[PDB]
Amino acid sequence: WXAXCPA
Amino acid sequence: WXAXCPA
Amino acid sequence: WXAXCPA
Amino acid sequence: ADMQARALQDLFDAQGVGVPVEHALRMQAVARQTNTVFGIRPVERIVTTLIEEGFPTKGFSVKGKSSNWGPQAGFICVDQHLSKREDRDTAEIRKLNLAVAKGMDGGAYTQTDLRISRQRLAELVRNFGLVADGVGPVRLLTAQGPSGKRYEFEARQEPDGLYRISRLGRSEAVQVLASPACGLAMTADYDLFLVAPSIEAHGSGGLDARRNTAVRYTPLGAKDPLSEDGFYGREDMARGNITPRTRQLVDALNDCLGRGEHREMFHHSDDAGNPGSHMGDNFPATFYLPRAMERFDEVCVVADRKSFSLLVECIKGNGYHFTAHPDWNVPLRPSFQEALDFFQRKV
Amino acid sequence: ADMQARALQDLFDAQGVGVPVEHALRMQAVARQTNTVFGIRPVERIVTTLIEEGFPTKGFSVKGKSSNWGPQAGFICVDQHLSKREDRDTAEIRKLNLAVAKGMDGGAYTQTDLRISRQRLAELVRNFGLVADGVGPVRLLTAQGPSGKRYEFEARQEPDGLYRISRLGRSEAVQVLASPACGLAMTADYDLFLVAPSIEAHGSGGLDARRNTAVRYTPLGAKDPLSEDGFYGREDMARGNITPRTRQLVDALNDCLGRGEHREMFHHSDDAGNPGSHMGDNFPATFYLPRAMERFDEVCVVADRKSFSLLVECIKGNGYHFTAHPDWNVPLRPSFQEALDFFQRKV
Amino acid sequence: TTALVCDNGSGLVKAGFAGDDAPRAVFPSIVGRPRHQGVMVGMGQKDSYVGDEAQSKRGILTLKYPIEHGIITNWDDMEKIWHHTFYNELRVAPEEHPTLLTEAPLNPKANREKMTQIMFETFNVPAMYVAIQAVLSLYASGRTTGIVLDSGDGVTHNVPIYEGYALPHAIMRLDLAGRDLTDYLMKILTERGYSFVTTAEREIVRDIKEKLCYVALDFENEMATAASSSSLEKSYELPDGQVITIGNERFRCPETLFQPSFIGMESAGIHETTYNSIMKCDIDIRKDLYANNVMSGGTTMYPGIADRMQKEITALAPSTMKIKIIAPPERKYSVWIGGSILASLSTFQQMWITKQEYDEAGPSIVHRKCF
Amino acid sequence: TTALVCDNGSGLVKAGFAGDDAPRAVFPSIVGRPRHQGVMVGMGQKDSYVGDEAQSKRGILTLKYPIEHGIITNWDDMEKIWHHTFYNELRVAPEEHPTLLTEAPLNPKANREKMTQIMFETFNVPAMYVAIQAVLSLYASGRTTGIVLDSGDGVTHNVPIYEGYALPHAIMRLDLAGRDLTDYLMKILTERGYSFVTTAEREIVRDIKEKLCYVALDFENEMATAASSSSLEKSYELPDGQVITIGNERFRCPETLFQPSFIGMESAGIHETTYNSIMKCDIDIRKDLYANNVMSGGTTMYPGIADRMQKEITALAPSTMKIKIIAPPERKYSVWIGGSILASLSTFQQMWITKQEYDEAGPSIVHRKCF
Amino acid sequence: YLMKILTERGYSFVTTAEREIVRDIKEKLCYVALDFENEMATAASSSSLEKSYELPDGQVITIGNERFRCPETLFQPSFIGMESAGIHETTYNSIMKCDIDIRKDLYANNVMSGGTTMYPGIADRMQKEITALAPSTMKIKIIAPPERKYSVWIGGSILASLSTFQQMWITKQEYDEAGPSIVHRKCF
Ligand SMILES: Nc1nc2c(ncn2[C@@H]2O[C@H](COP(=O)(O)OP(=O)(O)OP(=O)(O)O)C[C@H]2O)c(=O)[nH]1
Ligand SMILES: Nc1nc2c(ncn2[C@@H]2O[C@H](COP(=O)(O)OP(=O)(O)OP(=O)(O)O)C[C@H]2O)c(=O)[nH]1
Ligand SMILES: Nc1ncnc2c1ncn2[C@@H]1O[C@H](COP(=O)(O)OP(=O)(O)O)[C@@H](O)[C@H]1O
Ligand SMILES: Nc1ncnc2c1ncn2[C@@H]1O[C@H](COP(=O)(O)OP(=O)(O)O)[C@@H](O)[C@H]1O
Ligand SMILES: [Mg+2]
Ligand SMILES: [Mg+2]
Ligand SMILES: [Mg+2]
Ligand SMILES: [Mg+2]
């Protein structure tokens, strides 16, 4: 993801 | 190691 | 070789 | 426009404020930017030039008193024969000497050398009652020790362009604490008086969560979870009873000053959080207002505790709020008092 | 510049150090080159000139004590009537005589002749309390045996330009051990105190792998694989408990000295590895610092065990490390103590 | 003796002394407990962290709020929260001072009865009272008349009061408030890249709305503008220096107050709920209620929540009414300020439940002004 | 009673006493056995040579390391290594002293269980503990918070710890460390003339990198410079006085830490592995992890491994973070120093597995802080 | 996670591609414990769980205890260090988010789909755990057909076959006229 997690 | 690598 | 062995 | 500084300089000088106006405008630019009122405990006329020159400043850990008189004026002695003189509290004369010696061993470094510029010593003589006999480089000084004592002070010029100092008999050196990173001796910091963000912003995040909310220790009997050093041990040891807003502000108020990179003017918690505050010791203060006041102008000198009350009520009515120190007994917010008296008058 | 030696000579002489400064600068040049702190156990004012003259030195195997007094000062007696005098440990008086006789038969050669230069004997009288009656070549001496005894010493000049010596009654010869290769009598070696490489380099390769890591023998009960002579038998018999770094350093510290090719000053393991070390016996030491200290200068005289502790903490804080001898109880590295006390204060 | 005033809202403990103009202690009602294995023998031994001590030290902790929708759901953690309030934040022995607590209207009798049990039996408080928070917001507004849209972290409730008589039948309550708006923004941000998902990340999204979010004055036109233009895209910097760009959901978060259907909730918005609470009132008071829509509590702090409220009530109100929304700067603390008023009044010193009375009458005495 | 602290790394036994600031014994974990026929009746009878006794006496021996990638692969040789540690190097009866051993995180449970079996049944140790080496590196760094890039002879592992809570899910481990760099330099040197090929020649190439090798701050520019100029060609003198000239591979050896593809290894480098280990952490801790990248263990000793690490993490970290790499001079022993800290703490004296507890609970007790 | 738990035994799977061996190790050996603490007690007591697998090079890997600890991570996400409710608590919490009037029918229709619901005993474990959460009179029924592995695709084949659906396609003309907002027709 863009923020919060890796993707 | 037992598997995966030499040790 | 240059070092380590004869050639 | 330069006239603004011109007027503000006379507002300062009449009131005996020692902040350089060239700093007061930079701090007010920060008050305006952060939409925060804040105050500075008194900076004396004595210190003005030292702050202009760019000495380090007293910081937090440095226990010492600091002089208003002699060539050591505006510095912190640690050859404190001032101890028998500076406040003449008899228990302070010995015991503050020894407690300063404890502080002297720790965080402060020491310099056994004043380094007065002759132009600085001249301004001293021109203002603060030093008595000076000069053959140029061959300078020596004379002063009043404010118990009433008189002294000879053996200055010596150096290739530094700066005079060493000593007192009568001890005519070699004097020791004025010097910041441990710099080589230069520390002068008086801009000790924050209070920080009062706009009350819409007050308490946002954790910003105003002072590390000791009720500031002064009192024991609560058997069920008390904190011992005295358990209570004070959650002060920040470098900043004291800091709050995240106060910390961010004493970053911004150092970044704006163009100050030297280890030469900061503000180090520590606002006096609203200092468990050793005394109210009649804070004045005259300077307060920085984001906006038009309403007798002041927007860098306002507060002369006395009743003028402070009038300022606090004008701050709190404009919507700035600060959680006072317990010992202050400041006025309550206008829109509060106008409700409280609405109901105390049985409706 | 010569003033550096000029000041360092007075630093030495006040502290009673007997290293010649013309050597101290060569050893410090080696400390700087190898980026190693190292120390030398005391060299007495007595010996100074013998080291300058270029006698051999005591080396390792030579068991003997060595005198501070009389014309035999700075030499090793083996006509040890000093044995009843030199330390007056009663068991030492007989038994150290006989153990020195064992050593005398082995590695040391012997000379039954002192060979004092008159200028050397004059410096002796000028400093160390010899009493001298002279008709030039016809010289004889008088001295204090430091139990309290007094003596006559029958010197005789020789075509050597050097006086033989003897004591009262025994008025022919005295036997001062003499290195087996040279003909000259051995004087006191520069007994290394410690070697403390920069801790990035400490333990690289095997360099600091002392041959007996735990230095002093204690038995471990039934499962112990080493008997006492099995333990000490892996000391190097010529250098003692040497480490490859100590060995390389006592090569470099002989090559730099411009010393005569069988006349070396350093022979053996640093005292941090000596199982017979005594701490209150090592002082005053001289330590050689690669860099500016921080009261010392970079060839620093350590006067007493508390000054040694202050040096050890300054070494270890600059990043030099040495594995202390068990009996030393030196201070711990600053960046260690500041972590240990961070956690001992429950966090 | 000063009383404590102790507005333990769902979101922040606000506590202080009566007759003081704002709380001393304002810290979140969170108890964190460490979700990871302690390895440093010394500091990991602290079992749990309370309030601001745990909003920092944050990412190591599972953060539990003891109070949800104004109802205390965990009592051991509320005793932790109150223990820290009295002995670490206020530094007062509660044995010594009366305690004005507060709670929402229309919530379980078990909450007053457990709060009062705990105050009388754990903290030994000498006397105590449990005021309705929207009554306190009128004491803070210095008026006897008005419809208080007190909107908090847990609850939004209207209490209409007229000339000092509350009209309990007209009290609305929504379990829709700043926490449901946090958990909504925490979803709407995943329409952009950003996956806030744990507790503690809840506190980042909370700070993202307490900073960036504002109420659209005309939601469909702000949506049209934000779809047209980047001119709304304020950005925020996460605790690790990543820059989050927000823009459209900057106003869609607090729109959930006016369109609860966004958070999937079958309800009138706060404008319809305020108006419907005025219509529940006697027609003869509605002019004065319309002229005194006091707002209080934190989620009324969004820029443009007044004015949006005024526009929407004025669309509902019958075109000749002076719809006036009273949203003072201090509204954030108005419940506490009004509790400081109330606990200061001399006419109030008879209203404390003394511990003797609680022991004689039993826990029914606490419901003195029930709602 | 002082405890032993006994960091039997893959490369060196470091052993000493708790509360001492560095190991007494530091000698390689090698057991050599003679590969040639003894003919001098007397000294050739010694079956095998351990540690520094066998790194000298070297060319006669096949040198076997008992530990590989942090896993003990030969146990009779590890009992030799420990027998020599206690009775020849430290000269301590282990019957007498507790023993803080260490091991890498994420490695077989059989290693703690065999180490503890051997300590309790061969050496009769009275009590013992088995700490994670990257936790010890924080005790050695005097801080509770940081991401420890402990890089050894066998293993490189990151353990992120925050306020004393390790985050085990974020622990990275690479079997890429100074020994894989030795065996790589031992190949890159054959691009020049030099064929180091046996064990023992492995120890020459080890000393060649422990001396000559350094980390390029900008690898492609150092490659361009070394191809342009002889200015990098430091030379080393082999044990027989041959001069070896090195130059280009002086920095290509430790580049293998940042480009593991050189040693043919599918992995992120140590900078990407440290950053990826920070991203595995809760976003709220990453600021403090970024400000505390402790480095420890020997292969972090290369000149410019900090600064290269800082440059690379700062290229990865989001441009506002204070990327700070903490690489003290003593980092070489930081695991041991931190074990000396730990074994000195009074709060720790309860953590020893006593032999009574091991006998009652069986070998499961040893995994107390497992990772 | 299994790729880590296997290193408690000897086996260091560590690269990608070795990820695919450990994937096949769980797609074969792993199963969900019906009562995790009792399976842990049994596997510590006995070798009776130790199925073994043969790596691509003929090494035999023996697994046993971590055979069930892998998919337990669905019910105890704290194992993979993840702050979350398990899938049973997450399903139940998703039912509680629903209107009370529908929860009876949601409780009676917990469809499972997609591959990680293929572990032996993931139903039944799911049913036991939801039944521990659900209020003791609800028919907690877990629907886990054999084809669940493809149920998302099978259901897409259904959907794309329905005549009522042929209006729902975004045609390229509509995408060109309306722009990319049209794609969010059923957004969630
Ligand atoms: N903010 C804060 N300051 C503290 C605390 N404890 C001690 N202090 C120190 O007490 C000092 C107040 O008295 P002074 O040291 O005379 O202030 P000053 O500005 O140097 O005044 P003067 O020149 O007349 O000596 C300032 C502050 O560094 C604390 O807990 N918080
Ligand atoms: N490094 C080392 N030295 C040893 C060892 N065993 C004996 N020694 C010898 O013990 C001697 C220490 O005492 P002294 O012989 O009095 O030293 P010194 O420098 O001659 O002092 P003084 O002139 O007062 O007699 C020096 C050293 O040659 C050993 O195992 N290692
Ligand atoms: N300035 C603000 N803007 C928007 N939301 C806010 C603001 N301040 C607080 N909030 C939100 O409202 C709640 C805090 O409410 P508050 O009423 O002050 O405490 P409580 O809810 O406990 O009475 C939190 O959800 C917080 O996110
Ligand atoms: N100064 C150094 N420079 C480069 N590599 C070093 C240095 N010191 C040790 N090493 C290498 O690191 C390994 C020693 O690592 P160390 O961590 O000290 O012991 P262990 O690996 O057993 O914990 C060996 O590969 C050695 O080659
Ligand atoms: Mg100050
Ligand atoms: Mg000697
Ligand atoms: Mg509220
Ligand atoms: Mg290691």
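So, here's what we can say about the structure. Within every chain, numbering proceeds from 1 in written sequence order, not necessarily in step with the numbering of the entry, and residues without coordinates do not appear. Written order decides the labels, with chains lettered from A and ligands numbered from 1. Consider the displayed chains a part of a larger assembly; each reported value belongs to this part rather than to the entire assembly. Computation of side-chain values: all heavy atoms of the structure, hydrogens and water removed. Residues with missing side-chain atoms are left out of burial classes, side-chain pairs and their counts.

Counting its regular elements, chain F contains 13 helices and 19 strands. Restricting the calculation to C-alpha atoms gives the radius of gyration, and the globule rule supplies 2.2 Å times the number of residues raised to the power 0.38. Taken over the C-alpha trace, chain F has a radius of gyration of 21 Å; the compact-globule value for 371 residues is 21 Å, and the two agree within 12%. Considered along the principal axes of its C-alpha atoms, chain F spans approximately 70 × 65 × 30 Å. Any residue under 20% of the maximum accessible area for its type is buried, any over 50% is exposed, and the rest in between are partly exposed; the area is computed with a 1.4 Å probe on protein chains only. When the 371 residues of chain F are sorted by exposure, 63% land in the buried category. Of the contacts made within chain F by residues no fewer than 6 positions apart, 68% connect residues no fewer than 24 positions apart. Of the roughly 12900 Å² of accessible surface on chain F, 47% is carried by carbon and sulfur atoms. The positive count covers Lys and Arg only, the negative count covers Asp and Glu only, and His and the chain ends enter neither. Charged side chains are reduced to one point each, which is NZ for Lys, CZ for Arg, CG for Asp and CD for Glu. Taken as two groups, the 37 positive and 46 negative side-chain charges of chain F have centres that lie 2 Å from each other. Numbering of helices and strands runs from the N terminus; a helix is a DSSP stretch of H or I covering at least four residues, while a strand is a stretch of E covering at least two. Residues are treated as being in contact if the distance between any of their heavy atoms lies within 4.5 Å. The Shrake-Rupley method, run with a 1.4 Å probe, gives the accessible areas here. Residue values count only the displayed protein chains as cover.

Another aspect to go through is the overall build of chain D. When you go through chain D residue by residue, the secondary structure sums to 9 helices and 11 strands. Taken over C-alpha atoms, the radius of gyration comes to 22 Å for chain D, in line with the 20 Å a tight globule of 347 residues would show. Based on the C-alpha atoms only, the size of chain D along its principal axes is roughly 80 × 60 × 40 Å. A total of 347 residues make up chain D; the buried ones form 50% of that total. For chain D, the accessible area works out to roughly 16000 Å², and carbon and sulfur atoms hold 47% of it.

The subject of this paragraph is the sheet that holds strand β5 (residues 138-145) of chain D. Residues and elements named next belong to chain D. Pairing is antiparallel in the open sheet, where 3 strands are placed in the order β4-β5-β6. The open sheet has two free edges, formed respectively by β4 (131-135) and β6 (149-153), since each of these has just one partner strand. Taken pair by pair, the neighbouring strands of this sheet meet at an average axis angle of 10°, ignoring direction. For two strands to be treated as a pair, DSSP must find no fewer than two bridges joining them. As judged from the 5 bridges shared by β4 and β5, these two strands associate in the antiparallel manner. Note that in β5 the partner of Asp133 across the bridge is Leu140. Angles shown run from 0 to 180 degrees and are taken between the N-to-C directions of axes, each axis being a line fitted to C-alpha atoms and, for helices, limited to the stretch in contact.

All names here are of chain D. Patch criteria: residues need more than 30% relative accessible area and no salt bridge. Like-charged residues are merged within 9 Å; nonpolar side chains of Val, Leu, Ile, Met, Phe, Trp and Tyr are merged within 5 Å. Here a salt bridge means any side-chain nitrogen of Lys or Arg lying within 4 Å of a carboxyl oxygen belonging to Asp or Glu. Residues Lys63, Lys84, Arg88, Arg94, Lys95, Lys102, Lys149 and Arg170 make up a contiguous surface patch of positive charge. The biggest single contributor to the positive patch is helix α4 (residues 90-105), with 3 residues. The topology assignment puts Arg88 in the loop between α3 (48-53) and α4.

What follows concerns the side chain of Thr7 of chain H. Mapped onto the elements of the fold, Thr7 of chain H is located in the loop between α1 (2-5) and α2 (18-26). Of the polar contacts made by the side chain of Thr7 of chain H, one reaches the backbone oxygen of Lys4 of chain H; its length is 2.9 Å. When residues no more than four places from it in sequence are discounted, the contact partners of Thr7 of chain H are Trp1 of chain B, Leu106, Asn107 and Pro108 of chain G together with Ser12 of chain H. Distance and chemistry together define a polar contact, namely a pair of N or O atoms within 3.5 Å, with one atom able to donate a hydrogen and the other to accept it when in protein, and with adjacent residues in sequence counting only for side-chain atoms on both sides.

Next up on the list: the interface of chain D and chain F. Listed as interface residues are 38 residues of chain D and, on the opposing side, 37 residues of chain F. Buried area, as used here, totals the accessible surface that two parts lose on assembly, with accessibility defined by a 1.4 Å probe and the loss added over both. Counting the surface lost from both chain D and chain F, the interface buries some 3000 Å², and carbon and sulfur atoms represent 56% of this. Interface area lost by chain D to chain F is led by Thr213, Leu220 and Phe343 of chain D, which between them contribute 20%. For the interface between chain D and chain F, the tally reads 3 salt bridges. A salt bridge links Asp224 of chain D to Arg91 of chain F, with the nearest nitrogen and oxygen atoms 2.4 Å apart. There are 15 residue pairs in polar contact connecting chain D and chain F. Side-chain classes follow a simple rule in which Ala, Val, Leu, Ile, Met, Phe, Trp, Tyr, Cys and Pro form the nonpolar group, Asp, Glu, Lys and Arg form the charged group, and the remainder, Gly included, forms the polar group. Split by residue class, the side of chain D that touches chain F holds 20 nonpolar, 11 polar and 7 charged.

Glancing now at the arrangement of the chains. Regarding chain A and chain G, the two do not touch, and the least distance separating their C-alpha atoms is 7 Å. You won't find any contact between chain C and chain H; their C-alpha atoms come no closer than 35 Å.

The next subject is the site of ligand 3. Residues and elements named next belong to chain F. By convention in this text, a residue qualifies as near a molecule or strand provided that one of its non-hydrogen atoms is within 4 Å of it. Taken together, 17 residues lie around ligand 3, and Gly9, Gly11, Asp153, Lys209 and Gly298 are the ones closest in. Measuring from an oxygen atom of ligand 3, one finds a backbone N or O atom of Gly11 at 2.9 Å. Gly298 is positioned such that a nitrogen or oxygen atom in its backbone is 3.0 Å from an oxygen atom of ligand 3. The protein chains hide 93% of the 560 Å² of surface that ligand 3 would expose on its own. For the shell around ligand 3, the elements supplying multiple residues, two or more each, are β2 (12-17) and α6 (201-209). Its residues assigned to classes, the shell around ligand 3 comprises 3 nonpolar, 8 polar and 6 charged.

A few words on a nonpolar patch on the surface. All names here are of chain G. There is a patch of nonpolar side chains on the surface, built from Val39, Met40 and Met43 and spanning about 330 Å² of accessible area. Mapped onto the elements, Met40 comes out in the loop between β4 (31-34) and β5 (49-50). With a relative accessible area of 54%, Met40 lands in the exposed category.

On to the state of the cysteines, then. The disulfide definition used here is simple: a pair of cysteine sulfur atoms within 2.5 Å. Per the stated rule, a full pass over the model turns up 0 disulfides over all chains. The thiol of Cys256 of chain D is not disulfide-bonded; the next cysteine sulfur, from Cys300 of chain D, is found 17 Å away. Distance from the sulfur of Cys187 of chain H, which forms no disulfide, to the nearest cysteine sulfur (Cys98 of chain H) is 17 Å.

Before going further, it helps to spend a moment on the interface of chain F and chain A. With 7 residues of chain F in contact, the opposing surface of chain A contributes 4 residues. For the side of chain F that touches chain A, the residue count by class is 2 nonpolar, 4 polar and 1 charged.

Residues and elements named next belong to chain D. The contact between helix α2 (residues 21-34) and helix α7 (residues 244-255) brings their axes to 9 Å, and the two run at 135°. When the interaxial angle is binned, α2 and α7 end up oblique. The element α2 and its partner α7 pack so that their crossing is right-handed. Residues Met27, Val30 and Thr34 of α2 form the contact with α7, whose participating residues are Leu249, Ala252 and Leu253. Here the residues of the contact of α2 with α7 are counted per class, giving 5 nonpolar, 1 polar and no charged. By the definition adopted for this analysis, an angle is roughly parallel if under 35 degrees, roughly antiparallel if over 145, roughly perpendicular if from 65 to 115, and oblique otherwise. A crossing counts as left-handed when the near helix is turned anticlockwise from the far one by less than a right angle, and as right-handed when that turn is clockwise.

Residue and element names in this part refer to chain G. The environment of ligand 4 is made up of 17 residues, and the closest members are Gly9, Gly11, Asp153, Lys209 and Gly298. Take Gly11: an N or O atom from its main chain is 2.9 Å from an oxygen atom of ligand 4. Interatomic distance of 3.1 Å between a side-chain N/O atom of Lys14 and an oxygen atom of ligand 4. In isolation ligand 4 exposes 550 Å². Once the protein is present, 92% of that is buried. Those elements giving two or more residues to the shell around ligand 4 turn out to be β2 (12-17) and α6 (201-209).

Now for unusual backbone geometry. A cis amide bond, omega 0°, links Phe283 of chain D with the succeeding residue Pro284 of chain D. Secondary-structure assignment places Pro284 of chain D in the loop between α7 and β10 (285-288). Look at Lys57 of chain F: it is not a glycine, yet its phi comes out positive at around 60°. Along the chain, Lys57 of chain F falls in the loop between α1 (52-55) and β6 (61-64). Here the phi dihedral of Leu106 of chain G falls at roughly 50°; this positive angle occurs in a residue that is not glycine.

Moving on, we come to the environment of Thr156 of chain F. Residues and elements named next belong to chain F. In this structure, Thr156 sits in strand β12 (residues 156-162). Taking the C-alpha atoms as reference, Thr156 lies 40 Å from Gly38; in sequence the two are 118 residues apart. Residues within four places of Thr156 in sequence aside, it is in contact with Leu149, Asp150, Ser151, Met172, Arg173, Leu174, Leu176, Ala177 and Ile270. Only 2.7 Å separates the side chain of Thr156 from the backbone oxygen of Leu176, close enough to count as a polar contact.

Bringing the pairing of β5 of chain D into the picture now. In β5 of chain D, alternate side chains face the same way, and those of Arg139, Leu141, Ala143 and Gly145 of chain D are buried while those of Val138, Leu140, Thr142 and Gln144 of chain D on the opposite face are not. The hairpin formed by β4 of chain D and β5 of chain D contains 2 residues between the paired strands, and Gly136 of chain D there has a positive phi angle of roughly 55°.

Everything listed here is a matter of geometry and, on its own, says nothing about what the molecule does.
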